[PDB]
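Right, one structure below, let's go through it.
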Amino acid sequence: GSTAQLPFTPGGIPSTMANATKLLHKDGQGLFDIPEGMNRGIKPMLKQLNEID
Amino acid sequence: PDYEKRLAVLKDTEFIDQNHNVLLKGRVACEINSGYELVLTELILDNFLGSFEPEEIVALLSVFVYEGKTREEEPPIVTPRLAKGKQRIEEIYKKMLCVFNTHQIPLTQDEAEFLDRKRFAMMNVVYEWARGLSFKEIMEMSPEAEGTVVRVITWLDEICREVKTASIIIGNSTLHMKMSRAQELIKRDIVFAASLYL
Amino acid sequence: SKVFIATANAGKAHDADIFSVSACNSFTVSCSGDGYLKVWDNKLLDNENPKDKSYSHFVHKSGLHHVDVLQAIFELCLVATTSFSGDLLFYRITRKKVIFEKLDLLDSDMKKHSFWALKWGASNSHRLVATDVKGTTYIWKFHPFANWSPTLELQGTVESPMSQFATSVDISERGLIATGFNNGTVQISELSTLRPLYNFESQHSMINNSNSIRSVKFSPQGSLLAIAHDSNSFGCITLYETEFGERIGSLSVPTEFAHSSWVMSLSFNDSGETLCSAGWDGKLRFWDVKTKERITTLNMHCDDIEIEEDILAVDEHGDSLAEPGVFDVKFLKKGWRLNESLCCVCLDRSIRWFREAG
Amino acid sequence: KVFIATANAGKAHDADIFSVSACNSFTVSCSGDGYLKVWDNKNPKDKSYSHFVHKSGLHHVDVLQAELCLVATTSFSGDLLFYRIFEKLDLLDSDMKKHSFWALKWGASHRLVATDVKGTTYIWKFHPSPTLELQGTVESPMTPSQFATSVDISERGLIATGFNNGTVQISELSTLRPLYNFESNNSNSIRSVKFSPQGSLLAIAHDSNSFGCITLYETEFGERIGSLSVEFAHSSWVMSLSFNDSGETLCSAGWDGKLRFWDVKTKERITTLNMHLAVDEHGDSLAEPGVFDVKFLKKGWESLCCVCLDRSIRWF
Amino acid sequence: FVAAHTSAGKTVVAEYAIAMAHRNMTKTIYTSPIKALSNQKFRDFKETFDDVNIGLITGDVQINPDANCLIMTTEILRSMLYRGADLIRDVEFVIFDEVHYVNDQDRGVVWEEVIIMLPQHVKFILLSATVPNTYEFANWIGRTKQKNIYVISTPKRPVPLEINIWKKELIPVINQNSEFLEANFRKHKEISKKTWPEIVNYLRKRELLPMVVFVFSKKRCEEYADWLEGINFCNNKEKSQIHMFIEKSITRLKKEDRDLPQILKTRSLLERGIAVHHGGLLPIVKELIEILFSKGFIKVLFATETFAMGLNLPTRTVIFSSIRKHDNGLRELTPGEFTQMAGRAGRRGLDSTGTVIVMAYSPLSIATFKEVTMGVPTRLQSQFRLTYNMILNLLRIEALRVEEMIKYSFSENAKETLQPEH
Amino acid sequence: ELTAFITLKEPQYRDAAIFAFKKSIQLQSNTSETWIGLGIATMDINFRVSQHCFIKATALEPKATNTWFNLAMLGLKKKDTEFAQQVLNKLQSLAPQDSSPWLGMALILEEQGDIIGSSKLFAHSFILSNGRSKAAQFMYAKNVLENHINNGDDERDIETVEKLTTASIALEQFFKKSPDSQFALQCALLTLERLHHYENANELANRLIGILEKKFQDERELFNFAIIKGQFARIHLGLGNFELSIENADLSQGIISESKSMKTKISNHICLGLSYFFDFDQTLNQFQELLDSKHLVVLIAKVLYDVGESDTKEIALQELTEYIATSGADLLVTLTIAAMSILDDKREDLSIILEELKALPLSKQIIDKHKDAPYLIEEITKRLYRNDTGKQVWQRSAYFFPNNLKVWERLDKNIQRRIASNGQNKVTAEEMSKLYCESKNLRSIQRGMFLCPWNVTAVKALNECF
Amino acid sequence: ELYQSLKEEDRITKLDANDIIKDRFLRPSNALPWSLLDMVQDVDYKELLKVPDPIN
RNA sequence: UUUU
């Protein structure tokens, strides 16, 4: 095997879309602007209605 | 509580960040399955070993596989770069030990007594084995028995494999070539002779 | 394909350099520059000296450098060899001593050519291929019966693509012929038609003329071709794909090169998954064909000889033979000598046998 | 400390004089013409004698005295010949005579050390009916091997070998085991290695890219203690080194025709003697090619001897 | 889960599991924590089975990778599990051997992490020596993996043992029914370079050979072996056979390797029926000695603890030169270690009883003797430990929380008050 | 539709892709690949919507590393270097075995101005790719070519030749997938002309010339055509087709005769002169008279001397002496003058040449690895004096440089055979076979003939053995 | 011509200026060295991406 | 001063 592979799930040991993006900073006009784990977006130098769950 | 203290230690030395995500150093340390991942990662992470030879690297890496329990006095180092590597490893371990004792993590017998035992006493033997000397001279100069020397070299093979993988992760081609060359250099003769059961 | 154990050995086997070796189910045959042909019985016992089960025959005063053996089921066993003067000589082996019968199979007009390389093609009629110093390849069909009455029938010739020295030749089980030349060019032609198919050149550069093909081998499946060639004091191996004629890759190790000095011979195992190469630097290396990565390495010393009186540490001039170069290497099928086997010949006039663990 | 010219003899040899040596009675010098000349120590041309050894020339020579007087020399054919001062001896075996030898040194049981062209060092033991018996051998540290250019042996039992790639290996004489290993178009060939007569000090005549460097190491620890400079000691290659009886001053001969004397304790220069640093623009010495070898002579024979490119031998 | 004395027949269960998995056309994995038993197990299984393939996987070598039964160590299996090896797809049984084996300074005894990380379709066959702590670990495995575990424990021994004490006398102190005798102990209480010749002469006269002497010192083994000069145990035919075997075995080595001092000394002792086994030997020498002992050409052997865990040690007698062993200082032998070492003193079908002798050079106290010989067996302990590598790997595999894996480890007196979001 | 739009680069496919992606998202919004595709589709129109789509795709499927690379490349598209660097650092911490993060880091470093780190990262990306990326191969070949054009290298350097060979192999594999690429074809021609692979260069140059001819009315097109024609004339000159080389050189010179142009002019002059020399001496003389660097002068002097005229020889001597008096003293010019004087047999200058050759500085002796100065010194000494005092320079050379082969080639042949063996020196099969055959033994002659059966001397020696 | 001659104990074989100078110092070549080559030679972000795979 |  390799470290690029994931292990098979062990045995015995223990609104998904809505719960996935609950902590994403939604900017004005209703759109995500900051990736998770970061603190900024890109600074250059209909899509909102798509909330169909 | 031990898990929390180890998380604090891993975050302190920049292995993982405040969100408990694995950084580059932690990613490299994931490969090292031996007992000293942090010190080995700190050793091979920068360009310290960029002027060493494959024989010198494989000789220096023997500190991590030799228990260091011996009575005979250490002879002088056979190469100045080996002395430099000894000093670097000692200072890295002192810094790491201070960081460990800051967070009051209990230490095993081997981890606490690392710098007290003569753990650099097989660098000359491994060096001369990698140069091409036969087992007779090696035994005439070694401070241990045949089994200990065979065990040390056998474990050094796997250490070389792990360092090859870590170097592939880091992005150091020269280290990868040196480790492959050393692996081919030390794997020969009676030390790696095939078993009588095969 | 990862552990090899020495089995039997023989030192000072010949009076000069042992240039080639070949094997069949019954025995192993070797040639040398002293002009003798030696037969080593494959079916040995425990703790039996191989020099006790050996049979020699004098062939030519000039010396021999190529040999091949054909065994097929009436049981016929043929040996063909080439001498330094340029003759092609055929012998029939019969058994419990061993009898050598010289066969006159070539006509008068075919005895004026100087041959270098040769190879047997077994039926799956048997065929023989050979190369000329002028750069030509000859194709023969062997008919044993008309009652024993052997004849060699000429099928055709293949001319050189460019003329250069033809140094190596091989024939596959699917009906292909590969010829190597001294400038690094390899030609592949069809057996049933004698028409060339592919022509690829394997040179790293053409600044200097130190490129030369030393060995060409076909995979046991026949879908792959391996080439050993020089690169101005280095040894290189390149893999090609024979169905469409395209470069696959190269075998290399830190020492872009496969060996440190020169690659003399190549060999595939029974399944075609492992390749072995022999080097002038005194090493045998084993490679994985799919991953193109080195697996193992064997080292040759003059001190490997079991009998201490047959150890040749130095030659007649005083030069050291502590790590001698390997001339030729051969894989042996399972059951010839449980698992596969291996044989090689070196500069210290020794012949050595190995066994695969498992 | 000053030195005054004492005697001179021009056109001593027909070809280049490559090495010089002396004892309490005689001074010997070899050349490329195949002659070795013995000069009386008590003009010196009227007290000189010549003998023919080999037609290929000679490049090394040494003298052993202990009433015994023996001379060993090496030829450009790889030969190694002995003479009892002139009576040619036969001490080498038939199979050992097939080797090729480059450098030698008499280690005053007596010892003889020699190097080969393949990087191998041979150690013998002389037994006066004279015989030799091989004590052992030392192989090349590196693979592939290199040319073994220099060799020396100390009174305390140490052997130093220098190679053409810049590597110096220190090995013992009791057990023949290695002790140290230093690795100091460019050239880095080790031209000369010397042991201080008293103490623990090794001087190595290093090579730069057309420059001469001298570096000092100390034994029993293998630590570099510095280098002599005026970090180049000469404007051209440094050919040979020499200590005196006390061991406090070290004389160096260079390819620039100058003899610079140094102080061991202070690592500072003392005086310069010109046989006949300035660099024009590339690294070329402004001076002319000079000295091949130098040798101190102790009191009662202090003096020194010098062989130059001008085919003359000079005493001071 | 099987817990029984060694040589009671625990390998029959493993062989039946291998054959049963072969019938279903699935695979089996055999693991051990000692790297010197993989080769012995490989040879033994390849000799035992026909039409079933056997393979061996180690750090570098691979033998028959596409086999039916693969042999490795537990660290190799753990690395495979963490790296998602495709080999585990077809594995039906995993066999854990030498579960009771405990050693603090050995980072290769990791079998609880292996149990935690195994998939749902894999069943277990755990084998160990007799321990008083079986049900807790079996219950933890059953609860954690949600598999039905059955506990088989057997104290019966195929060959009974006797315990004796050696001045030119052999006084039996414990009979075959484990009944301590005090009259003979008191009689013993009433009553060097010449000890071992005398012991060997007495045993040869009584015909209780071969023997194994357990010495807890590498140098003392060789000193005692050298103190046996003048004694011989072989005739010309056996000496020739041993010479031929060694000559054929060391063929794989160079000439300078065959001339090593240990090989010369080992051959010199071996051609007389004597041998030494400890951890300071070259591996090939140890293999040669073990094979020659198995074939039956060796009558006297001096061995350390490295021989107690070995596979084939058929001996009529076992001798204890001492009861204390250095581990952090000199320490008396635990009852478990003594039981494990002394249980090898019987041969099934060739012996009627097992002889075990304790050497008294001044008498020995009764309290320590009874504690060492007749004592409560050592409990089964948990060797699970937290390492930076495991934490980093589990943080890299963002699908399994480290706290959850921590809370599912074994712990004596764990809190049964966990209500997850209840 | 997205694949078609990427390959053909036409607006009408982007709108169809957007339509299909929006309809699929309406039917089911739980899938991540749809958001990835929608982000890629609008990556050029509105970067905010693309960033939103990439972030949502990361949220839905967080074990996918292609979203992070897409977001980093989008950041690089709008010239935000630090954002891309942070994303690439995270990606490297997440998927080290991938080759895309290394390529992105190398691009950022190359833009910043670093050279060594950029080369190291490009090499790592190429090695990790294992033939699966065209961009990695192209970037690696371009980097290798950019580092070895005016770096002052010699053919004897093994590493440079191996780098060029690897670049050529990478470019062949690249051409198997994307032919008709002008920049890659130019780089391939530059590498092949330097590896002396003239037939492959001929084929690739024919393809490139056809492409440029089809593509053409402007000015830069004519200049690029002239440069390509100059290189193509060089390829014919190296291939042995002198007439075609002359024709191409004339055509290229015609269009750039009234103007980077200096290099083409020099190349055209060299090619025309060398083509005419191989035999109209008048045109060659005129073209070489039409023409520092120490190499053009040596080549011109060689050609003019080989012409065979007194005026040509005088011109060559005058030019060499002018270079010596202007730019100082060097080894090659002095050796050429010495060879010309020795061949012409001029006694007056021979003594001065011998003195100058014997008065060489040590630096020139270190540079001379072939030992030409001792050879010429011995030749002049033997011719002038008819004595045997010329071996002394060989003895001194063997003293100073004892590991060389040419010094021992004269003194002792056993030394030369032993020095060249076992890898102590790098030696080819022809030289080793010659060394073996010079032992006069039958075994050695057989071994040398085995190593090189096309060697005349080995066959002759074996025949003479009997 | 020599192999035809070959067609018809370690024995010892019986086998024993201006051209060299002309060939080594004054012979021009049509293959340009690297020095002359140095004197005369003159040296989309959406295509780096991966399009996702189809779904069945 | 066993074991790795």
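Letters A, B, ... go to the chains of the structure tokens in the order shown; residues in each chain start at 1; ligands are counted from 1 in the same order.
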- Could you write out as a ChimeraX atom specification the residues of chain F within 6 Å of chain A, counting only C-alpha atoms? /F:52,55,75,78
Identify every residue of chain C that has at least one atom within 9 Å of any atom of chain F, counting only C-alpha atoms, and report the result as a PDB file with N, CA, C and O atoms, in the first residue's frame.
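Generated file (part.pdb):
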```pdb
ATOM      1  N   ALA C  16      41.056 -20.097 -20.915  1.00  0.00           N
ATOM      2  CA  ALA C  16      40.976 -18.722 -21.382  1.00  0.00           C
ATOM      3  C   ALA C  16      39.614 -18.167 -20.984  1.00  0.00           C
ATOM      4  O   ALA C  16      38.897 -18.761 -20.176  1.00  0.00           O
ATOM      5  N   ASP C  17      39.256 -17.021 -21.553  1.00  0.00           N
ATOM      6  CA  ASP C  17      38.012 -16.361 -21.185  1.00  0.00           C
ATOM      7  C   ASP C  17      36.807 -17.181 -21.626  1.00  0.00           C
ATOM      8  O   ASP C  17      36.758 -17.687 -22.749  1.00  0.00           O
ATOM      9  N   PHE C  19      33.383 -16.978 -22.887  1.00  0.00           N
ATOM     10  CA  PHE C  19      32.693 -15.890 -23.567  1.00  0.00           C
ATOM     11  C   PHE C  19      31.179 -16.054 -23.615  1.00  0.00           C
ATOM     12  O   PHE C  19      30.467 -15.049 -23.715  1.00  0.00           O
ATOM     13  N   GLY C  33      37.912 -19.336 -25.165  1.00  0.00           N
ATOM     14  CA  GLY C  33      38.931 -18.971 -26.127  1.00  0.00           C
ATOM     15  C   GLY C  33      40.029 -19.988 -26.323  1.00  0.00           C
ATOM     16  O   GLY C  33      40.821 -19.847 -27.259  1.00  0.00           O
ATOM     17  N   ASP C  34      40.106 -21.008 -25.467  1.00  0.00           N
ATOM     18  CA  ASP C  34      41.071 -22.076 -25.686  1.00  0.00           C
ATOM     19  C   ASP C  34      40.656 -23.013 -26.810  1.00  0.00           C
ATOM     20  O   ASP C  34      41.490 -23.785 -27.293  1.00  0.00           O
ATOM     21  N   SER C  62      41.433 -21.632 -32.898  1.00  0.00           N
ATOM     22  CA  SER C  62      41.283 -20.187 -32.777  1.00  0.00           C
ATOM     23  C   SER C  62      40.531 -19.779 -31.516  1.00  0.00           C
ATOM     24  O   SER C  62      40.832 -18.732 -30.935  1.00  0.00           O
ATOM     25  N   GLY C  63      39.570 -20.578 -31.080  1.00  0.00           N
ATOM     26  CA  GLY C  63      38.737 -20.246 -29.946  1.00  0.00           C
ATOM     27  C   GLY C  63      37.287 -20.037 -30.355  1.00  0.00           C
ATOM     28  O   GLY C  63      36.959 -19.844 -31.526  1.00  0.00           O
ATOM     29  N   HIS C  65      33.393 -18.145 -29.239  1.00  0.00           N
ATOM     30  CA  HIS C  65      32.767 -17.062 -28.490  1.00  0.00           C
ATOM     31  C   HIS C  65      31.244 -17.084 -28.476  1.00  0.00           C
ATOM     32  O   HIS C  65      30.652 -16.316 -27.712  1.00  0.00           O
ATOM     33  N   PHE C  84      36.489 -17.882 -33.547  1.00  0.00           N
ATOM     34  CA  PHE C  84      37.092 -16.574 -33.784  1.00  0.00           C
ATOM     35  C   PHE C  84      37.504 -16.371 -35.234  1.00  0.00           C
ATOM     36  O   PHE C  84      37.580 -15.224 -35.684  1.00  0.00           O
ATOM     37  N   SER C  85      37.773 -17.448 -35.976  1.00  0.00           N
ATOM     38  CA  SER C  85      38.084 -17.297 -37.394  1.00  0.00           C
ATOM     39  C   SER C  85      36.837 -16.977 -38.210  1.00  0.00           C
ATOM     40  O   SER C  85      36.928 -16.278 -39.224  1.00  0.00           O
ATOM     41  N   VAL C 133      29.673 -10.501 -40.518  1.00  0.00           N
ATOM     42  CA  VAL C 133      30.494  -9.322 -40.267  1.00  0.00           C
ATOM     43  C   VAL C 133      30.188  -8.210 -41.259  1.00  0.00           C
ATOM     44  O   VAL C 133      30.569  -7.058 -41.027  1.00  0.00           O
ATOM     45  N   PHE C 165      28.601  -3.404 -38.634  1.00  0.00           N
ATOM     46  CA  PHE C 165      28.794  -4.706 -38.012  1.00  0.00           C
ATOM     47  C   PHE C 165      27.525  -5.148 -37.294  1.00  0.00           C
ATOM     48  O   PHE C 165      26.963  -4.401 -36.490  1.00  0.00           O
ATOM     49  N   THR C 167      26.026  -7.300 -34.490  1.00  0.00           N
ATOM     50  CA  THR C 167      26.604  -7.811 -33.257  1.00  0.00           C
ATOM     51  C   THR C 167      25.703  -8.757 -32.481  1.00  0.00           C
ATOM     52  O   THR C 167      26.214  -9.534 -31.670  1.00  0.00           O
ATOM     53  N   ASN C 182      26.464  -1.964 -34.554  1.00  0.00           N
ATOM     54  CA  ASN C 182      27.508  -1.322 -33.766  1.00  0.00           C
ATOM     55  C   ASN C 182      27.391   0.196 -33.727  1.00  0.00           C
ATOM     56  O   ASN C 182      28.257   0.850 -33.140  1.00  0.00           O
ATOM     57  N   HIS C 204      21.924   8.151 -26.868  1.00  0.00           N
ATOM     58  CA  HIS C 204      21.727   9.369 -26.093  1.00  0.00           C
ATOM     59  C   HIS C 204      22.218  10.590 -26.860  1.00  0.00           C
ATOM     60  O   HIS C 204      21.580  11.648 -26.824  1.00  0.00           O
ATOM     61  N   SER C 205      23.336  10.461 -27.568  1.00  0.00           N
ATOM     62  CA  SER C 205      23.836  11.538 -28.410  1.00  0.00           C
ATOM     63  C   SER C 205      24.718  10.940 -29.494  1.00  0.00           C
ATOM     64  O   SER C 205      25.168   9.797 -29.392  1.00  0.00           O
ATOM     65  N   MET C 206      24.953  11.730 -30.541  1.00  0.00           N
ATOM     66  CA  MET C 206      25.828  11.338 -31.638  1.00  0.00           C
ATOM     67  C   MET C 206      27.079  12.202 -31.715  1.00  0.00           C
ATOM     68  O   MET C 206      27.688  12.310 -32.784  1.00  0.00           O
ATOM     69  N   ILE C 207      27.470  12.826 -30.604  1.00  0.00           N
ATOM     70  CA  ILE C 207      28.710  13.595 -30.578  1.00  0.00           C
ATOM     71  C   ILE C 207      29.910  12.678 -30.785  1.00  0.00           C
ATOM     72  O   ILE C 207      30.842  13.011 -31.525  1.00  0.00           O
ATOM     73  N   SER C 210      30.847   6.186 -29.619  1.00  0.00           N
ATOM     74  CA  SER C 210      30.899   5.108 -28.631  1.00  0.00           C
ATOM     75  C   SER C 210      29.504   4.656 -28.210  1.00  0.00           C
ATOM     76  O   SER C 210      29.175   4.592 -27.028  1.00  0.00           O
ATOM     77  N   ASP C 230      25.900   0.644 -25.223  1.00  0.00           N
ATOM     78  CA  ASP C 230      26.926   1.462 -24.594  1.00  0.00           C
ATOM     79  C   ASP C 230      26.548   2.934 -24.649  1.00  0.00           C
ATOM     80  O   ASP C 230      25.858   3.386 -25.566  1.00  0.00           O
ATOM     81  N   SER C 231      27.007   3.689 -23.644  1.00  0.00           N
ATOM     82  CA  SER C 231      26.996   5.153 -23.694  1.00  0.00           C
ATOM     83  C   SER C 231      28.339   5.636 -23.144  1.00  0.00           C
ATOM     84  O   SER C 231      28.454   5.933 -21.956  1.00  0.00           O
ATOM     85  N   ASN C 232      29.348   5.673 -24.022  1.00  0.00           N
ATOM     86  CA  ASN C 232      30.691   6.198 -23.764  1.00  0.00           C
ATOM     87  C   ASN C 232      31.184   5.906 -22.349  1.00  0.00           C
ATOM     88  O   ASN C 232      31.338   6.829 -21.543  1.00  0.00           O
ATOM     89  N   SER C 233      31.412   4.620 -22.054  1.00  0.00           N
ATOM     90  CA  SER C 233      31.882   4.089 -20.771  1.00  0.00           C
ATOM     91  C   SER C 233      30.777   3.840 -19.752  1.00  0.00           C
ATOM     92  O   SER C 233      31.068   3.597 -18.578  1.00  0.00           O
ATOM     93  N   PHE C 234      29.520   3.878 -20.174  1.00  0.00           N
ATOM     94  CA  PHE C 234      28.405   3.527 -19.312  1.00  0.00           C
ATOM     95  C   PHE C 234      27.577   2.425 -19.963  1.00  0.00           C
ATOM     96  O   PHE C 234      27.714   2.132 -21.153  1.00  0.00           O
ATOM     97  N   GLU C 256      21.037   7.896 -14.570  1.00  0.00           N
ATOM     98  CA  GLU C 256      20.458   7.735 -15.898  1.00  0.00           C
ATOM     99  C   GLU C 256      20.991   6.481 -16.575  1.00  0.00           C
ATOM    100  O   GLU C 256      20.722   6.235 -17.749  1.00  0.00           O
ATOM    101  N   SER C 260      27.523   0.550 -14.131  1.00  0.00           N
ATOM    102  CA  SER C 260      28.616   1.506 -14.019  1.00  0.00           C
ATOM    103  C   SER C 260      29.582   1.441 -15.195  1.00  0.00           C
ATOM    104  O   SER C 260      30.133   2.474 -15.587  1.00  0.00           O
ATOM    105  N   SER C 261      29.813   0.258 -15.771  1.00  0.00           N
ATOM    106  CA  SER C 261      30.814   0.118 -16.821  1.00  0.00           C
ATOM    107  C   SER C 261      30.213  -0.220 -18.179  1.00  0.00           C
ATOM    108  O   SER C 261      30.317   0.589 -19.101  1.00  0.00           O
ATOM    109  N   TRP C 262      29.543  -1.361 -18.315  1.00  0.00           N
ATOM    110  CA  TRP C 262      28.990  -1.836 -19.580  1.00  0.00           C
ATOM    111  C   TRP C 262      28.038  -2.978 -19.272  1.00  0.00           C
ATOM    112  O   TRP C 262      28.260  -3.737 -18.328  1.00  0.00           O
ATOM    113  N   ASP C 281      31.222  -4.199 -14.636  1.00  0.00           N
ATOM    114  CA  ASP C 281      31.618  -3.756 -13.310  1.00  0.00           C
ATOM    115  C   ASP C 281      31.539  -4.857 -12.260  1.00  0.00           C
ATOM    116  O   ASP C 281      31.929  -4.623 -11.112  1.00  0.00           O
ATOM    117  N   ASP C 319      47.203  -8.152 -12.618  1.00  0.00           N
ATOM    118  CA  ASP C 319      46.027  -7.338 -12.346  1.00  0.00           C
ATOM    119  C   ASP C 319      45.053  -8.080 -11.441  1.00  0.00           C
ATOM    120  O   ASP C 319      44.896  -9.300 -11.534  1.00  0.00           O
ATOM    121  N   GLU C 323      36.969  -8.308  -8.083  1.00  0.00           N
ATOM    122  CA  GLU C 323      35.586  -8.083  -8.504  1.00  0.00           C
ATOM    123  C   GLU C 323      35.531  -8.217 -10.019  1.00  0.00           C
ATOM    124  O   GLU C 323      35.656  -7.222 -10.745  1.00  0.00           O
TER     125      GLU C 323
END
```
- Item | Residue neighbourhood range 166-179 of chain B, 7 Å, only C-alpha atoms (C1' of nucleotides), exclusion window fewer than 3 positions, as a list in words | residues 28, 31, 54, 160, 162, 163, 182 and 183 of chain B; 254 of chain C; 96 and 124 of chain F
- Message: Using only C-alpha atoms (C1' of nucleotides), which protein or nucleic acid residues come within 10 Å of residue 193 in chain C? Drop anything in the same chain fewer than 2 positions from it, and give the result as a count of residues only.
- Response: 8
- Task: Find the residues near residue 189 in chain B: any atom within 8 Å, counting only C-alpha atoms (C1' of nucleotides), skip ones fewer than 3 places away on the same chain, and give them as an MDAnalysis selection string.
- Result: (chainID B and resid 192:193) or (chainID E and resid 253:254)
- Skip range 400-411 of chain E itself and residues of its chain fewer than 2 positions away, then list as a PyMOL selection string all residues within 8 Å of it, counting only C-alpha atoms (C1' of nucleotides). (chain A and resi 13) or (chain E and resi 112+116+137+140+144+382+384+391+394-395+397-398+413-414)
- Item | Residue hits in chain B, query chain C, radius 8 Å, only C-alpha atoms, as an NGL selection string | :B and (177 or 180-181 or 184 or 188 or 194 or 198)
- Can you list, as an MDAnalysis selection string, all residues belonging to range 146-355 of chain E that DSSP tags as strand (DSSP E)? chainID E and resid 152:154 161:165 171:174 211:214 274:277 300:303 317:320 324:326 330:332 354:355
- Suppose you want the space between CA of residue 268 in chain C and CA of residue 236 in chain C; what is it in Å? 16.5 Å
Can you check which residues of chain E have any atom within 7 Å of chain H? Use only C-alpha atoms (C1' of nucleotides) and format it as a PDB file with C-alpha atoms, in the first residue's frame.
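Written output follows (iface08.pdb):
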```
ATOM      1  CA  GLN E 105      11.654  -2.103  25.469  1.00  0.00           C
ATOM      2  CA  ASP E 106      10.167  -3.489  22.229  1.00  0.00           C
ATOM      3  CA  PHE E 216      21.276 -15.527  31.860  1.00  0.00           C
ATOM      4  CA  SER E 217      24.634 -14.237  30.629  1.00  0.00           C
ATOM      5  CA  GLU E 305      15.830 -16.511  27.194  1.00  0.00           C
ATOM      6  CA  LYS E 325      17.835 -12.550  36.120  1.00  0.00           C
ATOM      7  CA  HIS E 326      18.756  -8.956  35.334  1.00  0.00           C
ATOM      8  CA  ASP E 327      16.098  -6.993  33.467  1.00  0.00           C
TER       9      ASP E 327
END
```
